[PDB]
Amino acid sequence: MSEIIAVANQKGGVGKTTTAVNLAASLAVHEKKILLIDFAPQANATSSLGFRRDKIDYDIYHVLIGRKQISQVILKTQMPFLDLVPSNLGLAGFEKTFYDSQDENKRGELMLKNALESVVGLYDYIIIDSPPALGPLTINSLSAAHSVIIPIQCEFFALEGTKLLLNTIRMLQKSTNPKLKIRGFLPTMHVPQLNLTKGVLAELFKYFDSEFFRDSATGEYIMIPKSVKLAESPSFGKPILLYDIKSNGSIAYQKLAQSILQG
């Protein structure tokens, strides 16, 4: 039975896709069976794994509207234990479908959850990459999930942003997903010596210190460092472990996976 993990932040460019891709790969290297769901219309996760937009046939949007079952759209990747549900531009049509269903039921929030029900016994982990909004796509991600990883870029808008995302999660924990947990807060693109980084982290630590990911071996906080090689990796269509497994970016995501595998 899958643990379904959403990677969510409504702030743009905070490392959601990079985290979802590289965590899924770092778990798959252990020969745990992993499904990555690209839940964003811009489809950066799909492209990160080497799949160009013009080569995608049927995608997650076709599953949500019922043209395809989810087993029909699953792609195998270069890693034998990592599978991908690709996305495409057509997933921007989901918003229309969501509000239409809310005139035919109350159930639009559960459309991804219902789509995943035939694969939950086939994978150890299902990782969902969310778009930068609190709209219907992210609401579907969080309603399908057992847990949520929040990548945090520590710059100024993270302060107001983290508080809002947590309020969204609390409201879902009342209504549509009572079992939903914060898996953890993960600092991404992290540059420890910056004063802005220090100020933002200190503020988040006051309220949130128990939510930050820690190394299961050393007890240290797990943070993903700003890394030239991490930014280069989707241009090769590979997660960073498949080529440079000794870079600091690769080592950090591997620490994250080890922390997830403990439970």
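When you see a residue number, it is the position in the sequence shown, counting from 1.
Relative to its counterpart among 63 to 71 and 46 to 54, 63 to 71 has the higher mean temperature factor, C-alpha atoms as listed in the PDB entry. Comparing the deposited coordinates for 148 to 156 and 117 to 125, the stretch with the larger average C-alpha B-factor is 117 to 125. Within the listed group 183, 76, 190, 163, the record reports its top CA B-factor for 163. Comparing C-alpha B-factors across 210, 26, 227, 233 in the deposited entry, the largest value falls on 210.
When all modelled residues of the chain are sorted by CA temperature factor, residue 21 is found within the lowest third.
Annotation for residue 194: C-alpha temperature factor in the highest third relative to the rest of the modelled chain, per the entry. Ranked by Cα temperature factor within the chain, residue 172 sits in the highest third according to the deposited record. Among the modelled residues of its chain, residue 255 has a C-alpha B-factor that falls in the middle third, as given in the PDB entry. Placement of the Cα temperature factor of residue 80 within the chain: middle third of the modelled residues, per the deposited record.
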